[PDB]
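Taking it in order: structure first as structure tokens, then the write-up.
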Amino acid sequence: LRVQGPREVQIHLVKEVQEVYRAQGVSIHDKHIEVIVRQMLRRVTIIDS
Amino acid sequence: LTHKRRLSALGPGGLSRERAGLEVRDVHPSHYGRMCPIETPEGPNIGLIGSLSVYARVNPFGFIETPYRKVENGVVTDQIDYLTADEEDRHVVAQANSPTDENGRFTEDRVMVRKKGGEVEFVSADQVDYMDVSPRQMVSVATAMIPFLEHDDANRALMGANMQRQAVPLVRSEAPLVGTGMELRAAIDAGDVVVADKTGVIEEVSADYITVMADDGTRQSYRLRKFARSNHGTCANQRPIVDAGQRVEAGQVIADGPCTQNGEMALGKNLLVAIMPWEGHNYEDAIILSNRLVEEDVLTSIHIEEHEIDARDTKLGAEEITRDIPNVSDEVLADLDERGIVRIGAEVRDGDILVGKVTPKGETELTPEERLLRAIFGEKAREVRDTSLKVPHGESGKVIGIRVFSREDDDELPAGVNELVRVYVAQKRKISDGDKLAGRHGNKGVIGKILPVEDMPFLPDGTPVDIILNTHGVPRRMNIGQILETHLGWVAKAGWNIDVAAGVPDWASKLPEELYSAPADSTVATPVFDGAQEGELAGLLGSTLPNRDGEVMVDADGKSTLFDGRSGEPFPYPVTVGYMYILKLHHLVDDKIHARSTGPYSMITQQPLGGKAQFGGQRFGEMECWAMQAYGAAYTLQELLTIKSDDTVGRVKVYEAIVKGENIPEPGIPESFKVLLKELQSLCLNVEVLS
Amino acid sequence: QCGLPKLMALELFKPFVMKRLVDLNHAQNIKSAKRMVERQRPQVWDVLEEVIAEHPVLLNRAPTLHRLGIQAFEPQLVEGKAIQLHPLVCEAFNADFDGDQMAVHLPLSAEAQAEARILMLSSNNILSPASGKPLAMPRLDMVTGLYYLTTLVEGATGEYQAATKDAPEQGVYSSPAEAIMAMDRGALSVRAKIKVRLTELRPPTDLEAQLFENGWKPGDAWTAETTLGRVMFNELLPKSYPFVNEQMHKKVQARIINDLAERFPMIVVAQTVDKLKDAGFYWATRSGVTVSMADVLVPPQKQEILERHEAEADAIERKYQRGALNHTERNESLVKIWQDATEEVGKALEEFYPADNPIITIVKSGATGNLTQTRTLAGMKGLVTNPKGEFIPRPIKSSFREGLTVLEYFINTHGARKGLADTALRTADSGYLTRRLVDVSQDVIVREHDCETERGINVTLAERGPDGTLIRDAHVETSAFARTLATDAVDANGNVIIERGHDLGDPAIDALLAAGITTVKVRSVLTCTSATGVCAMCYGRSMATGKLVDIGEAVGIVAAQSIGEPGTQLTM
Amino acid sequence: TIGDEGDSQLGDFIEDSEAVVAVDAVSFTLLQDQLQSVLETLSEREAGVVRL
Amino acid sequence: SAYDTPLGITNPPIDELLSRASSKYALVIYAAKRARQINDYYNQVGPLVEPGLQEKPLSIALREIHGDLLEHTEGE
Amino acid sequence: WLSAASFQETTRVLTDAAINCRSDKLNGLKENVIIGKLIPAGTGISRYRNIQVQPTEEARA
Amino acid sequence: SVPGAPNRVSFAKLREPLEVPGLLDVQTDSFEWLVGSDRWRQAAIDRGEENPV
Amino acid sequence: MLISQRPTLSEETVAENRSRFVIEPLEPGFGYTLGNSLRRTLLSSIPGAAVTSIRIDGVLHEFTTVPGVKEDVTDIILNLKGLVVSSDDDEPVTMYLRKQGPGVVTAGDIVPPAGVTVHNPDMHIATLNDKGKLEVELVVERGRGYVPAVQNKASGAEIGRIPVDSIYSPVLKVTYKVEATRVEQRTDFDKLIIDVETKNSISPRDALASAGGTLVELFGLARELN
Amino acid sequence: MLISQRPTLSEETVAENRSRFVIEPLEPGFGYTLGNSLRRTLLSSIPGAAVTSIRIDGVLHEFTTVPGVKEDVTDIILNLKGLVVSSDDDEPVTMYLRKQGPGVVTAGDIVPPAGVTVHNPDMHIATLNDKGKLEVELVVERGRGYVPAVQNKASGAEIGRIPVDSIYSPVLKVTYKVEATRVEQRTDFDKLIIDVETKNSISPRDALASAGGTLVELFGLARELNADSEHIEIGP
Ligand SMILES: [Mg+2]
Ligand SMILES: [Zn+2]
């Protein structure tokens with residue numbers, strides 16, 4: 001997240017969450033993990049005021 | 001028997017139940033011959049609790065010993081020595097199944113043994129230092145009673161051992177056709193079989209007691225228990241097996257226990273089974289039964305419940321036990337003694353009166369309508385209640401006994417009680433849909449369907465099959481011991497004989513002589529880890545005897561043709577049939593079905609109460625709420641959370657709307673939210689609702 | 001449908017029963033009807049039957065994991081004291097009939113009843129919400145029937161014999177009825193190949209072009225080369241579905257049901273699965289699958305394989321006594337040797353067993369089980385794991401048919417007990433995980449139809465090398481299927497293959513692959529811009545309906561439950 | 001806390017003897033609609049005495 | 001299509017009902033309100049189609065909806 | 001503050017809400033399933049909850 | 001061994017050198033030790049123990 | 001070819017209670033179906049008579065014991081359920097069994113009235129010691145199939161009567177087989193052999209006649225279409 | 001002794017050649033007793049006439065196609081199989097069919113001898129092109145059930161003959177379904193639903209009546225043993 005950006009961190013999260021399930025053949029559509037991830041990036045740490 | 005020998009790690013002074021470390025539950029190599037690795041509870045207590053071994057004894061210091069045969073320079077000796085784990089660790093111990101000559105010499109140059117790391121290795125003859133006493137040494141009593149255990153995985157063996165302790169005794173017991181050599185001792189040592197204390201002759205025999213005349217001019221009398229209640233509700237019946245003029249010997253069984261026949265454990269019935277799917281009624285491990293098992297009471301059981309009621313004083317007056325009670329018809333008191341208690345042998349239905357007990361009420365100001373009604377008719381007025389003892393809603397049977405304790409004769413009634421009455425209600429239970437049956441190999445299932453005798457598949461001779469088990473469950477659940485059980489059961493049911501013309505058959509080279517020929521309806525023993533190898537059983541299947549018509553129904557492969565009972569056409573392929581020994585488990589449907597419309601609630605929580613009591617409501621947990629939310633069922637969730645649980649003002653209105661057929665009113669504020677608001681207000685927090 | 005005990009249904013519907021009884025003059029007042037019902041008077045069942053009917057009841061198992069664990073059914077009275085459950089929904093409930101128990105609830109309010117029969121009705125929830133694929137399909141024996149029914153075997157009676165010098169074609173039947181008559185006569189085997197005239201079944205898609213270019217209609221007879229069993233099977237499917245002519249096993253049936261759901265209404269799929277259940281049970285009853293000692297064959301070459309491997313094992317064991325290898329290195333060498341032995345014995349087993357053996361017939365058809373269990377049962381168990389996880393060097397040379405020794409059985413129990421004792425912890429961990437996911441994502445709700453944003457996300461449809469061919473990617477199902485295109489799909493030419501805002505499905509996936517394009521932009525909830533919750537168009541088509549999500553969907557709970565569904569299946 | 005666990009309490013299984021039963025609440029109303037409404041309206045002033 | 005006649009509460013077919021409203025939820029409230037009105041009339045607009053022997057109000061409401069006989073306003 | 005109290009630490013959440021005089025708006029269906037009010041999702045949203053149905057004049061006639 | 005045992009033919013191939021001991025010795029012997037029954041001292045003395053307690 | 005031939009039935013008594021009957025020739029495919037119909041009718045639709053209730057002098061209910069009687073009441077009921085009885089009148093009939101002193105009481109010690117018969121006198125009922133005293137009164141009724149015991153209070157009976165399950169069907173075993181004949185066309189016609197075995201209550205011939213009659217009456221409904 | 005409840009029969013006229021008969025309420029265990037017996041009797045008791053063998057002048061060996069006609073030999077064989085023939089007498093009669101020139105040869109253009117009737121004069125036999133000449137002969141017999149084509153390796157000396165399977169039974173397709181139904185007090189009675197399909201020659205009701213009569217006659221063979229034995233009579 002800090003190096004590449006916000007667009008890339010979501011891809012990594014989804015890929016790593018999906019691969020563990022996929023190893024055992026459990027088919028889960030990406031959008032569920034997508035919804036779970038969406039709520040993880042609702043806030044930003046403030047620096048200057 | 002297996003409760004007295006249980007080992008427990010929980011309780012005070014041991015592993016705290018809160019912690020319950022996962023690491024200690026697994027098998028350690030020192031369990032061999034000391035603690036059974038197969039017998040454990042299947043719940044969260046897995047591993048922590050296990051049964052003692054068959055040959056194990058406790059050293060005075062509290063360390064479990066086990067016997068081993070001393071061995072010497074290539075020769076096995078007759079000195080059996082008990083060893084502890086530590087003292088056994090110093091030596092080399094060989095397996096029991098290894099071969100030896102007549103003198104005791106090891107035939108094979110290299111012998112498979114155990115080693116200090118708790119490991120399995122091979123060593124030469126000179127290295128060996130001890131041997132196991134018998135193959136059964138590592139298994140407990142219950143696990144020892146499973147034939148062909150070595151053909152079953154540990155999981156299914158554990159399940160079968162656990163379930164063998166749930167088998168309810170039946171009206172008439174039948175010993176298994178095929179079983180272990182242990183079934184005998186497990187009964188004699190259980191203490192449930194009357195044994196002779198001295199050699200002599202039986203003098204007189206009666207259903208209530210037996211008498212024996214010793215050989216030294218002594219007379220002994222044994223009383224037999226009849227229809228006694230057990231802690232778990234079953235019937236602890238006993239019955240004799242001897243006849244007048246019979247010369248008994250010391251330690252000889254005279255009477256059978258609940259699950260006993262001829263002094264052998266009989267936990268279930270052996271019946272004809274065919275392995276094949278059948279129209280999906282046995283789908284997903286369900287079971288299908290012939291109506292025969294219901295007609296002739298093959299699996300009927302007796303169950304006795306014990307109801308109580310105590311009459312004790314109050315500050316408005318004493319409580320009395322009497323025949324007469326207010327506000328009931330005289331026909332309701334048909335089988336009630338003058339002293340209130342029901343007659344012995346009377347049949348009691350649901351909600352009937354067992355003991356009439358009026359108690360002071362003293363509430364005189366009745367409503368004017370009740371005043372008018374009681375003035376119209378002869379029931380002028382009464383000042384007492386009708387708090388009689390009544391059969392629970394779901395129980396029925398016949399009264400088999402009554403006991404009464406009274407302070408009038410200074411009985412040790414706990415302080416605050418004047419009288420106490422106990423009534424025993426016994427009932428027979430035939431097998432029915434929803435009952436649970438299982439074999440000895442962890443293949444339990446519910447009864448999906450009971451079918452008429454004419455719908456069952458039948459052998460060419462015309463005998464229908466009693467049970468049919470699904471094929472798909474056998475291989476995946478991975479318990480093939482049941483197939484061997486079925487085949488050897490068929491071999492035992494119909495006698496077997498092997499001809500001897502060109503010597504003994506090669507497959508029967510090691511078969512003892514007494515096994516060459518046996519009559520019909522014989523019984524066979526297959527010791528665990530020393531049972532019949534599949535070659536001998538295949539030969540026995542191939543050398544079966546014919547039926548009354550001089551023919552063989554089951555071929556040499558253990559299969560036979562079957563005729564469809566519905567259509568009549570023969571099945572396209574042969575089906576495997578035999579005799580399997582099945583149990584009846586105490587997890588009956590007759591006492592697990594319950595449901596509630598509207599009735600008693602809980603005081604403090606204002607919620608319907610649950611549990612054993614009648615009208616036990618169901619619990620709508622949190623995951624159920626999550627499922628309803630995922631469905632988007634907003635209205636149904638509100639109905640299940642307010643109207644039907646804790647809306648005191650809403651329950652009555654909904655009930656009266658249903659009775660009148662009117663529209664259901666919208667739910668109100670539940671008691672839970674009101675109580676939470678009052679609590680937060682009590683904490684000096686001004687929780688104010690806004691609109 | 002679901003079966004309810006008479007006593008339970010009566011006592012549970014008691015209020016409605018009393019209302020109707022008093023309505024029909026059977027009782028003069030409510031209390032009289034109550035007392036009459038208390039003892040179950042015979043003349044109340046005629047009222048209960050008209051009361052029970054058309055009144056849905058919710059059935060639920062514990063523990064509940066996904067929303068399909070609660071489902072509405074139409075009750076019907078049944079003798080006994082046990083609830084009869086439809087065999088298809090078991091997988092949805094994860095219920096098995098080795099003694100599970102189920103709870104039943106009754107909706108009272110009109111709104112609750114409407115919800116039960118519209119939203120929660122069992123026949124309207126075939127598609128699994130986790131992946132949008134069907135969950136109520138034949139399983140276990142149900143497949144073994146349709147398998148046996150549709151299997152084609154040569155060298156049977158009644159085959160199709162071509163014309164010869166002295167005789168004309170033999171196995172030709174004027175209609176399926178004639179084939180059925182021949183089968184009853186015992187002259188034609190169901191699994192034997194035949195040539196038959198079909199007049200009510202639509203021909204295959206390709207065969208149609210050369211026969212009825214104008215268009216096939218009912219009554220237009222054509223000639224089919226197929227077994228009678230396949231003809232019987234294909235009449236279960238809707239008449240508009242073309243002849244398939246394939247040996248049905250689990251994945252083929254899944255393909256057929258998936259295709260049916262996409263192009264047909266929900267009711268048709270329910271009726272088709274019911275017909276398939278009936279046929280599968282009926283034909284599995286007669287498939288002849290059975291277990292016996294001589295039926296579980298043992299590879300003859302095992303005595304050769306293990307004897308050969310004995311030399312290698314002895315070689316390693318003697319090489320360790322000289323201190324030329326570490327203890328762990330020797331253990332690894334022995335483990336590799338015995339792994340090779342196990343693989344060899346397993347492949348020898350699959351070589352030896354005939355095609356129609358009941359064990360291999362069950363395993364290969366996809367009905368249940370797996371080949372490793374067959375290898376363990378027949379060939380040998382092999383290596384096992386101690387409590388610490390190390391591979392015990394000594395293998396289990398015996399098999400559960402041959403008869404294990406005392407010490408092999410003793411050492412086998414470690415891993416079995418460990419795995420048996422791990423399940424409770426797995427369930428607890430999965431429950432905690434599901435609790436947390438539900439907690440975090442509980443305000444993700446479809447609040448507005450469309451947020452009107454162009455910020456999508458890239459996804460890949462096809463895989464290819466520098467030289468080779470384009471093939472649908474290995475994870476199209478979990479990533480690309482059931483999305484909405486954020487931007488038009490244009491190839492190297494410029495023509496728009498798919499316009500923006502179009503739903504993405506298997507027909508569209510194939511069309512895009514036909515266009516030779518590998519990547520496309522699809523809308524996402526990561527980029528969704530609506531202030532409150534999310535919007536339907538970014539979420540994509542609902543997994544539980546195959547259509548666009550409607551406003552108010554509680555997608556957060558669905559996502560949490562779908563992620564937590566495989567709680568006890570993620571074993572290392 | 002009773003039950004070998006810190007989940008149940010001594011008090012969960014207290015059955016209320018005062019809790020209103022809906023059926024009776026209905027029944028009385030029916031009586032009020034059967035006694036006062038019908039049977040009273042059969043003797044005019046002669047029934048009027050019963051009212052007081 | 002060729003689908004057989006629906007049985008029990010599956011009558012009428014659900015897919016045909018989905019054409020009459022926005023989605024499942026609106027259909028739930030629509031049918032529930034119509035059934036409530038039918039109860040109001042029964043216990044004192046009535047059923048606008050011929051009822052069954054003792055057909056429940058909700059079944060009659062759904063049968064009316066099958067023919068798009070009524071109309072509703074999504075009161076946003 | 002209802003859900004926060006439910007999750008980890010009730011005393012801290014209640015104290016902070018009291019000193020701040022905060023108010024919980026009943027949006028989000030954890031709070032609604034506590035109060036017992038029908039959840040604001042699916043059938044319970046205002047878009048569908050206020051649906052009014054009136055029979056057509058043709059059918060009435 | 002057991003006088004009244006019904007004849008049950010067994011497939012046993014090995015011989016038993018040690019009969020199965022009492023199945024409830026663990027409880028009864030421990031209790032006898034607790035109460036110090038002389039019928040337990042008689043057996044304890046046989047183990048070469050002087051003045052058992 | 002349309003042969004103008006009809007099936008014929010021939011009997012063969014294998015024992016006093018076991019009989020084999022051959023029906024032939026039939027058109028191909030009828031043997032198994034007819035055998036199934038006959039078996040389904042015989043096994044569960046042959047009317048008979050069996051005990052309905054028993055009363056003993058010194059027991060108020062079945063979960064007790066009789067002084068001086070080795071067998072329990074439940075064992076006595078189990079033994080009685082094996083009784084083979086036949087009644088000539090539909091109405092209930094009463095039978096008595098009295099025994100005093102030591103000995104063995106069997107089914108041959110009963111004293112049935114006119115119109116009632118028992119065909120297994122060697123059935124062992126119980127044994128009595130020196131002070132044994134067994135008195136029993138049994139009720140016999142006609143019926144078919146299986147009917148479970150009816151509780152007293154439903155029947156309005158006073159305490160003491162012990163209802164028992166009734167086994168009315170006299171058929172013990174049934175089977176059938178089919179062969180291919182050669183009378184008209186090679187292997188294209190079926191010969192059906194049905195074997196019946198009954199308890200000594202009735203001979204197989206009467207049971208077969210009853211099954212045929214009930215089946216004929218049932219198919220009369222189909223015939224009635226005209 | 002009288003039955004508990006008298007069964008009744010109702011009819012759903014599914015189609016002009018199909019019908020569904022519901023018999024209810026049967027007592028437990030009788031639905032499957034009646035269903036299979038009725039099905040087998042219907043399929044193999046009603047006699048009828050059907051084509052059994054044919055001969056074609058245009059083809060003598062090498063049964064692939066007849067020159068000058070569009071249809072294949074097997075197609076013509078199947079079309080002839082799908083024919084309705086009613087013969088008064090049971091003699092094995094011989095029939096002819098000749099046509100010349102382009103057009104369509106249909107069942108209505110065949111000349112049947114005395115005592116033979118064809119109920120489907122609109123059944124398409126084949127289509128002939130220009131300069132066409134189709135000559136065929138066939139044999140008609142009465143029979144019962146479905147019989148596979150009898151091999152003529154002994155009578156094959158008369159080369160050119162084409163034996164075929166015979167569908168004698170007017171009933172084409174029968175299937176039964178035993179549903180559960182409720183008597184006033186009990187939920188275990190049986191409703192037997194039987195669907196029957198018939199050729200154009202007969203009607204479903206007549207076929208069902210004939211099957212019932214055949215079954216009654218067949219079981220009379222056993223009923224006659226002892227008419228005095230008690231039976232479960234439905235009554236009138
Ligand atoms: Mg289960
Ligand atoms: Zn959006």
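Identifiers in the structure tokens: chain A, B, ... in order shown; residue index from 1 per chain; ligand index from 1 in order shown.
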Expected selection as a ChimeraX atom specification for ligand 1 within 9 Å, only C-alpha atoms and all ligand atoms: /B:445 /C:94-101
Could you write those residues out with N, CA, C and O atoms, as a compact mmCIF listing (two decimals), in the first residue's frame?
```
# COMPACT_ATOMS: atom_id res chain seq x y z
N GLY B 445 -27.61 -45.35 11.75
CA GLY B 445 -28.54 -44.69 10.87
C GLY B 445 -29.93 -44.67 11.46
O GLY B 445 -30.27 -45.48 12.33
N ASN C 94 -26.42 -29.41 4.54
CA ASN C 94 -25.29 -30.21 5.01
C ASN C 94 -25.76 -31.27 6.00
O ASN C 94 -25.02 -31.67 6.90
N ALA C 95 -27.00 -31.73 5.82
CA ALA C 95 -27.59 -32.70 6.72
C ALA C 95 -27.39 -34.11 6.19
O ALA C 95 -27.39 -34.35 4.98
N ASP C 96 -27.21 -35.04 7.12
CA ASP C 96 -27.10 -36.45 6.81
C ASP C 96 -28.00 -37.22 7.78
O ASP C 96 -28.23 -36.78 8.90
N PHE C 97 -28.51 -38.35 7.31
CA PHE C 97 -29.50 -39.11 8.07
C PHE C 97 -28.88 -40.18 8.96
O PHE C 97 -29.46 -41.27 9.11
N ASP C 98 -27.72 -39.91 9.54
CA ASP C 98 -27.18 -40.73 10.62
C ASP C 98 -27.59 -40.21 11.99
O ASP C 98 -26.94 -40.56 12.99
N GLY C 99 -28.63 -39.38 12.07
CA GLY C 99 -29.19 -38.95 13.33
C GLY C 99 -29.22 -37.46 13.57
O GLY C 99 -29.28 -37.03 14.72
N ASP C 100 -29.15 -36.66 12.51
CA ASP C 100 -29.29 -35.22 12.68
C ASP C 100 -30.72 -34.88 13.12
O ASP C 100 -31.66 -35.64 12.91
N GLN C 101 -30.85 -33.71 13.75
CA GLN C 101 -32.13 -33.19 14.21
C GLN C 101 -32.37 -31.83 13.57
O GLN C 101 -31.43 -31.09 13.27
```
Given 10 Å and only C-alpha atoms and all ligand atoms, residues near ligand 2 as a ChimeraX atom specification: /C:446-456,523-531,533-540
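Of the listed residues (C:38, C:217, C:144, C:285), C:285 comes nearest to residue 573 in chain B; the distances count only C-alpha atoms.
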Near-range 71-85 of chain H list (9 Å; only C-alpha atoms; drop same-chain fewer than 3 positions) as a PyMOL selection string: (chain B and resi 171-172+206-208+239-240+296) or (chain H and resi 48-51+54+59+61-66+107+116-121+123-128+140+164-167+170+199-201)
Range 28-40 of chain E surroundings by only C-alpha atoms, 10 Å radius, close-in-sequence under 3 positions cut, as a VMD selection string: (chain B and resid 633 635 661 to 664) or (chain C and resid 109 to 119) or (chain E and resid 20 to 21 23 to 25 43 to 48 56 to 65 70 to 74) or (chain F and resid 43 to 44 48 to 55)
Go ahead and write the selection's residues with C-alpha atoms as a PDB file, in the first residue's frame.
```pdb
ATOM      1  CA  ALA B 633     -36.597 -11.157   5.742  1.00  0.00           C
ATOM      2  CA  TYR B 635     -40.784  -8.753   8.820  1.00  0.00           C
ATOM      3  CA  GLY B 661     -59.089 -15.202  12.418  1.00  0.00           C
ATOM      4  CA  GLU B 662     -58.449 -11.448  12.477  1.00  0.00           C
ATOM      5  CA  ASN B 663     -55.381  -9.614  11.198  1.00  0.00           C
ATOM      6  CA  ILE B 664     -52.183  -9.973  13.220  1.00  0.00           C
TER       7      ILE B 664
ATOM      8  CA  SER C 109     -48.176 -12.675   9.952  1.00  0.00           C
ATOM      9  CA  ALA C 110     -49.286 -12.192   6.360  1.00  0.00           C
ATOM     10  CA  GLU C 111     -45.987 -10.442   5.631  1.00  0.00           C
ATOM     11  CA  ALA C 112     -44.070 -13.369   7.134  1.00  0.00           C
ATOM     12  CA  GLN C 113     -46.059 -15.883   5.080  1.00  0.00           C
ATOM     13  CA  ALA C 114     -45.471 -13.885   1.894  1.00  0.00           C
ATOM     14  CA  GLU C 115     -41.754 -13.776   2.699  1.00  0.00           C
ATOM     15  CA  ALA C 116     -41.638 -17.524   3.345  1.00  0.00           C
ATOM     16  CA  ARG C 117     -43.223 -18.559   0.037  1.00  0.00           C
ATOM     17  CA  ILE C 118     -41.583 -15.893  -2.167  1.00  0.00           C
ATOM     18  CA  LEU C 119     -38.126 -15.324  -0.687  1.00  0.00           C
TER      19      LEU C 119
ATOM     20  CA  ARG E  20     -45.385  -7.600 -12.190  1.00  0.00           C
ATOM     21  CA  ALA E  21     -43.131  -5.585  -9.847  1.00  0.00           C
ATOM     22  CA  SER E  23     -38.187  -7.372  -7.595  1.00  0.00           C
ATOM     23  CA  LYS E  24     -38.917  -9.957  -4.909  1.00  0.00           C
ATOM     24  CA  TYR E  25     -39.207  -7.511  -2.006  1.00  0.00           C
ATOM     25  CA  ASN E  43     -63.895  -9.975   8.565  1.00  0.00           C
ATOM     26  CA  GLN E  44     -65.529  -6.638   7.648  1.00  0.00           C
ATOM     27  CA  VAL E  45     -62.536  -4.592  -1.997  1.00  0.00           C
ATOM     28  CA  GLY E  46     -63.112  -8.332  -1.829  1.00  0.00           C
ATOM     29  CA  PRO E  47     -61.542 -11.155  -3.835  1.00  0.00           C
ATOM     30  CA  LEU E  48     -61.741 -10.048  -7.460  1.00  0.00           C
ATOM     31  CA  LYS E  56     -56.319 -18.535   1.885  1.00  0.00           C
ATOM     32  CA  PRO E  57     -56.153 -14.765   1.292  1.00  0.00           C
ATOM     33  CA  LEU E  58     -52.503 -14.777   0.223  1.00  0.00           C
ATOM     34  CA  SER E  59     -53.102 -17.403  -2.467  1.00  0.00           C
ATOM     35  CA  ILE E  60     -55.998 -15.341  -3.836  1.00  0.00           C
ATOM     36  CA  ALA E  61     -53.798 -12.236  -3.820  1.00  0.00           C
ATOM     37  CA  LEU E  62     -51.038 -14.029  -5.730  1.00  0.00           C
ATOM     38  CA  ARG E  63     -53.586 -15.386  -8.213  1.00  0.00           C
ATOM     39  CA  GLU E  64     -54.846 -11.848  -8.824  1.00  0.00           C
ATOM     40  CA  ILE E  65     -51.254 -10.668  -9.261  1.00  0.00           C
ATOM     41  CA  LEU E  70     -54.118  -4.511  -9.587  1.00  0.00           C
ATOM     42  CA  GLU E  71     -51.619  -1.656  -9.464  1.00  0.00           C
ATOM     43  CA  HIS E  72     -49.311  -0.203  -6.828  1.00  0.00           C
ATOM     44  CA  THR E  73     -47.194   2.871  -6.127  1.00  0.00           C
ATOM     45  CA  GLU E  74     -43.639   2.525  -4.804  1.00  0.00           C
TER      46      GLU E  74
ATOM     47  CA  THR F  43     -38.304  -5.876   2.854  1.00  0.00           C
ATOM     48  CA  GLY F  44     -37.782  -3.231   5.548  1.00  0.00           C
ATOM     49  CA  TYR F  48     -40.770  -0.991  -0.294  1.00  0.00           C
ATOM     50  CA  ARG F  49     -42.225  -0.574   3.209  1.00  0.00           C
ATOM     51  CA  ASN F  50     -44.558   2.242   2.086  1.00  0.00           C
ATOM     52  CA  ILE F  51     -45.884   0.433  -1.001  1.00  0.00           C
ATOM     53  CA  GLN F  52     -49.585   1.214  -1.432  1.00  0.00           C
ATOM     54  CA  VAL F  53     -51.822  -1.044  -3.535  1.00  0.00           C
ATOM     55  CA  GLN F  54     -55.274  -0.036  -4.781  1.00  0.00           C
ATOM     56  CA  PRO F  55     -57.313  -2.261  -7.131  1.00  0.00           C
TER      57      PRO F  55
END
```
Distance query residue 10 in chain A at most 9 Å, only C-alpha atoms, self and fewer than 6 positions along chain excluded, as a ChimeraX atom specification: /A:1,34,37-38 /C:526
Nearest to residue 14 in chain A by atom-to-atom distance, counting only C-alpha atoms, from C:11, C:293, C:333, C:479: C:479
Non-local contacts of residue 19 in chain F (12 Å; only C-alpha atoms; under 5 positions in same chain excluded) as a VMD selection string: (chain B and resid 685 to 686) or (chain F and resid 12 to 14)
Alpha helix (DSSP H) per DSSP on the backbone: members of chain A, as a PyMOL selection string: chain A and resi 6-23+30-38
Separation of CA of residue 581 in chain B from CA of residue 485 in chain B in Å: 8.2 Å
Strand (DSSP E) positions in chain E, given as a VMD selection string: chain E and resid 70 to 73
Residues of chain A within 10 Å of chain C, counting only C-alpha atoms, as a list in words: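 Taking only C-alpha atoms into account, residues 7, 10, 11, 17, 18, 20, 21, 22, 23, 24, 25, 26, 27, 28, 29, 30, 31, 32, 33, 34, 35, 36, 37, 38, 39, 40 and 41 of chain A sit within 10 Å of chain C.
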Non-local contacts of residue 15 in chain F (12 Å; only C-alpha atoms; under 2 positions in same chain excluded) as a PyMOL selection string: (chain B and resi 680+683-686) or (chain F and resi 1+4-5+9-13+17-22)
